[PDB]
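>>> So I pulled this structure from the PDB, and the sequence comes with it:
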Amino acid sequence: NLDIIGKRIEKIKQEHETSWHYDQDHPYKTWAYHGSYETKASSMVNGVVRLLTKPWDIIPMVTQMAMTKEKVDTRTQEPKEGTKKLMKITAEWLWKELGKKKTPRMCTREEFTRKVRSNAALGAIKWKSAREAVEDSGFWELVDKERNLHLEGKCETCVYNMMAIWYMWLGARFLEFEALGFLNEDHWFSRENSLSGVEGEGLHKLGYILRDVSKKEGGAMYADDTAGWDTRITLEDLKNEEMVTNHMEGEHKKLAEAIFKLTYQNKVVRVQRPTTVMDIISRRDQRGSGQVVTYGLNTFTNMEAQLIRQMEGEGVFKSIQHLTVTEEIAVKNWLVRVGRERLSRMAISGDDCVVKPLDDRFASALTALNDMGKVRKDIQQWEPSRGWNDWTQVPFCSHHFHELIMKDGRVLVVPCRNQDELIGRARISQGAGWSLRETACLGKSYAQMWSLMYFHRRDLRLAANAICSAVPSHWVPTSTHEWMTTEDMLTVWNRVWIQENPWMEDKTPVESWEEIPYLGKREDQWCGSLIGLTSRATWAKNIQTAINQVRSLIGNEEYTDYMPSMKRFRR
Ligand SMILES: C[C@@H]1[C@H](C(=O)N2CCCC2)CCCN1S(C)(=O)=O
Ligand SMILES: [Cl-]
Ligand SMILES: [Zn+2]
């Protein structure tokens with residue numbers, strides 16, 4: 001407790017000896033409050049994308065996206081003994097399986113520096129930017145001090161800042177990356193290694209993966225969301241995740257144990273409270289880690305929970321209250337006998353899952369799932385899950401997936417979501433100080449993503465071609481990301497959908513964009529197309545005038561006309 005968090009608490013109080021007010025009106029119940037001290041990033045519109053998507057200026061679902069808790073202060077109960085036993089047995093077996101073909105290892109200062117020098121979200125807070133602290137040895141001396149302290153089993157500076165997303169100073173992030181970065185850097189949650197995972201799988205992969213799950217004999221496909229997954233991570237979950245250290249050795253094992261003990265299973269956080277003080281609060285459970293370590297540990301614990309729910313549906317155990325000695329044997333024998341087969345019936349991306357169980361008993365197998373605290377979103381606690389009968393209607397990673405047959409008979413499985421969401425996101429830039437050139441290169445990144453993933457949506461292929469025509473041809477797209485390149489998008493399309501696509505036997509390249517199909521016109525409208533509206537017809541017909549408006553603003557640069565890549569503009 002205070003023996004582990006005290007030092008961190010003391011150091012902050014000292015730097016705020018003046019203003020250390022123990023407010024007696026603190027709003028925290030489930031967080032432990034310690035003290036306070038005196039202190040003092042909205043959406044911005046991308047003008048390049050907006051000028052080239054004029055019909056959407058009058059669609060509230062698009063325009064409202066650019067305008068403008070009671071979950072974090074909740075307390076999850078302690079799982080029953082039978083549940084705790086199911087979780088420990090499953091977790092032990094799952095780390096063994098994930099470790100069979102992987103070797104845990106420390107990630108290096110050298111690896112961390114490259115990442116920072118390639119700009120990535122390390123959710124970090126003397127040095128202005130991380131790119132600077134990484135080139136100054138003084139920061140690394142600070143890392144050494146905390147590191148040696150971690151080897152002592154104590155912590156000084158690994159403190160969270162709330163905003164939910166939990167930022168730390170770069171030094172704490174390095175220590176987390178050095179101990180646990182291997183999970184992501186060496187692809188422990190790849191589909192090949194984990195069977196349920198999809199780490200490294202682009203949107204041109206996910207629909208084919210759902211279709212492969214659909215081919216298994218079984219019941220409906222279930223895709224139940226958890227209500228605030230991060231807030232429902234129990235201290236028992238944090239202890240099963242820590243068992244990854246059992247696969248480690250020497251220094252690494254010690255360093256990993258310290259991240260789990262001192263930063264995850266005990267947390268210190270600073271929150272901005274307008275009534276404007278900074279509150280120093282602590283607690284033991286819930287998810288607060290780097291977003292990338294959070295992804296892999298979410299995937300792990302979700303894989304564990306869904307195998308246990310599958311066990312409950314198959315009747316492997318009778319009640320969560322208490323597991324008999326023989327029921328433990330049975331659970332272990334199920335895992336050994338069919339565990340890998342049951343993992344292959346799932347697609348799991350952090351807190352997001354799709355499960356095709358052995359049959360529909362799974363729908364009403366709710367006791368372990370509720371008792372683990374993984375309570376389903378938008379459904380009564382004991383109401384049976386509603387499954388999907390068609391893999392093309394299953395939601396996963398904010399998408400659904402269409403089966404699309406090319407004029408030459410080959411099959412594309414394409415990602416899709418409501419088009420208002422796609423256009424609304426492309427119209428938003430994050431942060432400030434953007435030049436016109438940098439705003440244009442972000443618009444081009446969205447346009448090239450649309451050409452690669454959403455080519456089958458009439459409005460996005462036309463808008464992508466218009467943006468790529470309006471932005472200098474050689475300007476590089478800014479902020480898998482196969483669209484982040486200056487290479488010709490037809491060549492990238494061929495590499496992604498044909499050459500490298502393991503579900504495509506015939507490798508005959510496509511010679512033009514007109515060989516590449518669209519959804520049916522009615523399906524396109526169902527998924528939010530404006531095709532058939534007067535606003536959209538005038539936009540399409542007059543598109544060269546919009547392209548010329550943006551070219552005039554950017555100035556006298558080298559531009560390519562991509563519009564004739566489409567039949568209607570091809571004379
Ligand atoms: C690439 C991710 C995800 C992944 O590999 N991540 C590792 C840590 C951050 C997320 C895998 C599923 C697919 N998506 S998605 C739908 O493109 O966002
Ligand atoms: Cl359905
Ligand atoms: Zn669709």
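Arrived safely. Numbers count the residues shown, from 1 in each chain. Ligands and ions are numbered 1, 2, ... in the order given.

>>> What backbone torsions are found at the residue of the stretch 301-450 of the chain found nearest ligand 3?
The nearest approach of the stretch 301-450 of the chain to ligand 3 comes at residue 416, 3.0 Å away (C-beta to the ion). Bear in mind the C-beta positions are built from the backbone N, C-alpha and C, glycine included. Per-residue torsions, residue 416: phi -150, psi 150 (degrees, to the nearest 10).

>>> next one: residue 519
Dihedral angles (degrees, to the nearest 10) for residue 519: phi -50, psi 160.

>>> what does residue 92 give?
Per degrees, to the nearest 10, the backbone of residue 92 is at phi -60, psi -50.

>>> Can you give me the distance of the nearest residue to it once chain neighbours are set aside to residue 331?
Nearest residue to residue 92 in three dimensions, chain neighbours excluded: residue 243, at 6.3 Å (C-beta to C-beta, 6 or more residues apart in numbering). Per C-beta to C-beta, to the nearest Å, residue 243 is found 16 Å from residue 331.

>>> More neighbours: these two, which one.
residue 331 (21 against 16; other C-beta atoms under 10 Å).

>>> quick one, what contacts the more buried one?
Contact analysis of residue 331 by C-beta atoms under 8 Å, 6 or more residues apart in numbering lists 86, 89, 90, 311, 316, 317, 323.

>>> could you point out which element follows the helix or strand hosting residue 36?
Per DSSP states H and E: residue 36 is located in strand 32-38. Using DSSP H and E, the next helix or strand after strand 32-38 towards the C-terminus is strand 44-45.

>>> the strands in the stretch 451-571 of the chain, which residues?
Applying DSSP state E, counting those that start in this stretch to the stretch 451-571 of the chain gives no strands.

>>> The chain now?
32-38, 44-45, 160-162, 166-167, 267-273, 277-283, 346-349, 352-355, 400-405, 411-416, 428-429 (DSSP state E).

>>> which residues touch the last one?
Residues external to strand 428-429 that are found in contact with it (C-beta under 8 Å, 6+ apart): 43, 44, 45, 46, 65, 66, 439, 442.

>>> closest to ligand 2 among the contacts of residue 331?
Out of the contacts of residue 331, the member with the shortest distance to ligand 2 (by C-beta to the ion) is residue 311, at 25.6 Å.

>>> re the thing from before, and the residue nearest to residue 92, how far is that from residue 61?
For residue 243 relative to residue 61 (C-beta to C-beta), the value is 45 Å.

>>> Disregarding residues adjacent in the polypeptide, which is nearest to the one residue in the stretch 51-200 of the chain that gets nearest to ligand 3?
Relative to ligand 3, the nearest point of the stretch 51-200 of the chain is residue 61 (15.3 Å; C-beta to the ion). Closest residue in space to residue 61, ignoring its immediate chain neighbours: residue 420 at 3.9 Å, by C-beta to C-beta, 6+ apart.

>>> Quick check: that neighbour vs residue 59, distance?
Counting by C-beta to C-beta, the gap from residue 420 to residue 59 is 6 Å.

>>> ok, now residue 413?
Counting by C-beta to C-beta, the gap from residue 413 to residue 59 is 28 Å.

>>> ok, these two, which is more surrounded?
Comparing residue 413 with residue 59 by other C-beta under 10 Å, the one with more neighbours is residue 413, at 22 against 18.

>>> Next, the contact list for the closest residue to that one other than its chain neighbours, please.
The shortest distance from residue 413 to any non-neighbouring residue, by C-beta to C-beta, 6+ apart, is to residue 207 (3.7 Å). Contact partners of residue 207, counting by C-beta under 8 Å, 6+ apart, are 399, 401, 402, 413, 414, 415.

>>> Check the residues you listed and tell me the two furthest apart.
399 and 413 (11.1 Å; C-beta to C-beta).

>>> Who are the contact partners of residue 209?
If you count contacts by C-beta under 8 Å, 6+ apart, then residue 209 has 191, 198, 201, 347 around it.

>>> next one: residue 3
Residue 3 neighbours (C-beta under 8 Å, 6+ apart): none.

>>> Buried subset of the contacts of residue 209 as a ChimeraX selection?
The buried residues among the contacts of residue 209 can be selected in ChimeraX (16 or more other C-beta atoms under 10 Å) with this line:
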select :191,198,201,347
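
>>> pretty sure the residue of the stretch 51-200 of the chain closest to ligand 3 contacts residue 425?
No: if you go by C-beta atoms under 8 Å, residue 61 and residue 425 don't touch, sitting 11.6 Å apart.

>>> just to revisit the earlier point, any idea how far the residue of the stretch 51-200 of the chain closest to ligand 3 lies from residue 512?
33 Å.

>>> These two: who's more crowded?
Counting neighbours by other C-beta under 10 Å for residue 61 and for residue 512 shows that residue 61 has the greater number, 14 against 10.

>>> Can you name the residues that contact the residue of the stretch 201-350 of the chain found nearest ligand 1?
Nearest residue of the stretch 201-350 of the chain to ligand 1: residue 295, at 4.0 Å (C-beta to the nearest ligand atom). Contacts were defined as C-beta under 8 Å, 6+ apart; by that measure residue 295 touches 184, 189, 199, 349, 350.

>>> What sits closest to the first one if chain neighbours are left out?
On the basis of C-beta to C-beta, 6+ apart, the spatially nearest residue to residue 184 that is not a chain neighbour turns out to be residue 292, at 4.9 Å.

>>> so how far is ligand 3 from that neighbour?
Distance of residue 292 to ligand 3, given as C-beta to the ion, to the nearest Å: 29 Å.

>>> Get me the contact residues on the stretch 251-400 of the chain for ligand 1.
Residues of the stretch 251-400 of the chain lying close to ligand 1 (C-beta under 6 Å from any ligand atom) are 292, 295, 349, 397.

>>> how about these in JSON lines, adding distance to residue 550?
JSON lines is the format used below for these (distance: C-beta to C-beta, whole Å):
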{"residue": "292", "distance to residue 550": "36"}
{"residue": "295", "distance to residue 550": "36"}
{"residue": "349", "distance to residue 550": "36"}
{"residue": "397", "distance to residue 550": "32"}
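
>>> what about burial for those residues, which qualify?
The buried subset of those (16+ other C-beta under 10 Å) comprises 292, 295, 349.

>>> Alpha carbons of stretch 302-314, in PDB - could you do that?
Only the C-alpha atoms of stretch 302-314 are listed here, as PDB (Å, rounded to 0.1, in the frame of the first residue of the first chain):
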ATOM      1  CA  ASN A 302     -10.500 -11.400 -23.300                       C
ATOM      2  CA  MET A 303      -9.100 -14.700 -24.800                       C
ATOM      3  CA  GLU A 304      -9.200 -16.200 -21.200                       C
ATOM      4  CA  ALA A 305     -12.800 -14.900 -20.400                       C
ATOM      5  CA  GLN A 306     -14.200 -16.200 -23.800                       C
ATOM      6  CA  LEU A 307     -12.600 -19.700 -23.400                       C
ATOM      7  CA  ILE A 308     -14.200 -19.900 -19.900                       C
ATOM      8  CA  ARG A 309     -17.600 -18.800 -21.300                       C
ATOM      9  CA  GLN A 310     -17.200 -21.500 -24.000                       C
ATOM     10  CA  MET A 311     -16.400 -24.000 -21.100                       C
ATOM     11  CA  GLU A 312     -19.600 -22.900 -19.300                       C
ATOM     12  CA  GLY A 313     -21.700 -23.500 -22.600                       C
ATOM     13  CA  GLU A 314     -20.200 -26.900 -23.100                       C
END
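
>>> Okay, domains of the protein per the record?
Domains of the chain are assigned by automatic domain parsing as 1-38+108-180+235-284, 400-569.
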